[PDB]
Structures are given as C-alpha cells and as structure tokens.
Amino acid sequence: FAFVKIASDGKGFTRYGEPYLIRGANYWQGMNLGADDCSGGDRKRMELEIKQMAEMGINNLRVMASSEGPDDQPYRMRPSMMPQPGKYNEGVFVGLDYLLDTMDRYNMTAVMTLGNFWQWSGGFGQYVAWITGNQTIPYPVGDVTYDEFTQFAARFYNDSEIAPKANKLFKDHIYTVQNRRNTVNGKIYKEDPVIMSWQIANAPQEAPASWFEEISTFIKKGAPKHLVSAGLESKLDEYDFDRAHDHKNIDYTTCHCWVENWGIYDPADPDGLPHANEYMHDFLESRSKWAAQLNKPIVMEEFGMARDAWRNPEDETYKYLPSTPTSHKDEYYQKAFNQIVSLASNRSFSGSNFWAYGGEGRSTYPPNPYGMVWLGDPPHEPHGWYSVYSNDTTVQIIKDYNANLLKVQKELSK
C-alpha cells in the first residue's frame, strides 16, 4: 500500500492504483533544517515550509539523503550527516527522520538522492579525497576550472584503483540510509511508502553503463519495494541518456535543465529570455522522445532561473536580492509548466521539481552558527540565485501548474 509504481504501459507512475503525476519541488536543505537546534536545524521553520509547499499543491520533494564531511570544508552543507566514512552525526540523521515524518503528515512522496557528483554535499570528490588520503580537493574557484574539478571527482567511477574503494564506502552509506529506522515514526526507510524512489546520485558526469548497472542493482536489492532513479541531467545526447537509464533496475528517467549554467541564457540581458524559452521547449520535446524510446516515465526533476538581474545589470548584488522581481523566471516557469501539462495529458511526461524552494530563508539573512544561510541555493553557489521564496510572484504560477497537473491526473484516471 501507497508505494509509487510504474504504470504497466511504462508511460507514467501510479499510486493507489491511479495515475500519479509529480507536482514536485527540490528541498535538498530539508534534512539540515529538520535537525534539532543543537545541530543547526530550525525544525519549526521546516514544518512551516512543508506546510507552505502543501498549500502550493506540491506532492513530491526531491531531497538530499547524504552529505560528507569533514566539517571544515568550504562550499558544502554543515554539519555533514557523515563527517567520516561510516561515522554519522546522529543529530543530522534525526533531521532526515523528521523531514520524512513531516512529508508523511502532508502525504508527500520523497525522491531520496543518495549522493552527489558536485561539491555542495561533499559528494564524489570527497569520497576520492578519502580514498587518496589527500584532503585538498580542487574546488572550481579562483584559477581552478570546472573541467579540473570534474576530472578529479569522476575518478570515483572512472579510476580502476580508486573507484572500487570509493564505491565500497558509498554502498555502505546507501545500506545505512535504506536500513535507517525512523526515530520519529518507527518505519525503516526501505519500507516507507513516503519514499517514492532511491536516486543513485545528483548528476553523474558521463559515468559508465556498468556503474549505473551495478549501483542501481545494489539499491534495488536493498529496497525491492521502491523505484530507483539515476539522477542524470540528460544534458548531452540520447546515448548518454541510455547509458544512465537503459537498465533493468532503473525504473524511470530524469532530466535537469539549466540555461544559465550551460551558457544559453544571460539573466543580465533585457533581451535574453527567448533563447531560454526556445531551449526549454526543444529540451522537453527531445527528452520526452528519449524516454518514450525506452518506454519509461520522465520527470524534469530540476530546472530554474535567476531573478531579473537585467533591470540593473551593472550591479552584481542586485541579481541576488529577494526584492528583485522574477519576471523572466515567472514566464520561463509558466511556459515550461504549460508544456509539461500538455505532454502529460498525452502520457509523454510525468511532472517536474523546480529548483528550489527557499521558503522562509532569504539571501540577505546572516549565516547560522555553522555558517549556513539555508534556502534553496547550496553553499557552492551565491545565496538567492535560484531560490523561490514563500512570497515570490512565482508561487502563484507554481500553484496554478500543480492544480493543472492534478486536473490532468484526474482525466487520466477516468
């Protein structure tokens, strides 16, 4: 009962024997906000943000169920859930238990991201540092490029000496999360129907098919009642999409669309929005076809856009202020959402998770005593870059999309 499944025609999800469309948000800060105050959380704020997301019609949060220390590293969540391999900060782990229990109380499902290619939860670069014994990770700041960081972190699955060791540690972490007993409601994670899926990691970068095969099968054997996702961006071509998704134990497909990060969209250009709308339009259509070729659902489980930096393009801070409007972002979200509603009524898309809900956090607030300004932008990025705040104009467009998708879900159930 209540476990999310794949429809028997392979074209969407079901839940309670009916179609289940994803009215989703990203809430990767949920575990750290759920923690007690002692461990830097603000659980009353977390409860309020999940209430706000429920009033906006959200039924699904993609959340981060890993974070690696050590806790003196820059650009990452602090305090980490797993400060050393196999050694856990119980106060952070309790935060993930409270996050899942509060989602349970709002009848939301969770996509549980078990790791991260990127540096903001420690991630694959940090397992590489643990194995090589060198804690100097080449973070992509100053003179160090993203290519250099990427080649370093990709040793996690590409280097024949590092990868078996790093992946032993990573599987120990997956095993520990899937076997966690929720201290709030007593459920073991692998039997909790609030979890929609286990997700291998956020955004592996050209990882080999044999690694997707190995880890997806490890996770499925660990929690056979749950769906398994790859966490891929699908930012390359159809082969890269198949290398991640064409596996017996990968139940559905994802895509992440990031127009600014990929050089497509300039938020400081008053005339720059149409490039992003056109790119998002062709991205949804093409990725929908790639998913149809494998006969598996697809969710756009991350996408987002900056505030209106173009109104004051010479002022760098202005781009990140909560008072700055989000006209471009609102129109971009609206058109993406309208297209998804359309593809979904044709059983060609299953929903999306905008990146990311910032809630009551604001980019102008001081860091908490662990140096965290919690909101929807992780600490390797400028605070407030993509966050959707509780009273942004974008909230009504998200609310209208989630009503529209729930209407499509009803029509698909008749």
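Numbering starts at 1 and follows the sequence shown.
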property	result
Residue range whose averaged C-alpha B-factor is higher in the record, 128-136 or 253-261	128-136
Between the two ranges 44-52 and 31-39, the one averaging a larger CA B factor in the entry	31-39
Top Cα B factor in the deposited entry, candidates 78, 328, 281, 311	281
Per the PDB entry, maximal CA B factor within 109, 151, 202, 324	151
Modelled-residue ranking by C-alpha temperature factor, third containing residue 123	lowest
Chain-relative CA temperature factor third for residue 95	lowest
Third assignment of residue 11 from its chain's C-alpha B-factors	highest
Ranked against its chain, the third holding the CA B-factor of residue 266	middle
Relative C-alpha B-factor of residue 398, binned into the chain's lowest, middle or highest third	middle
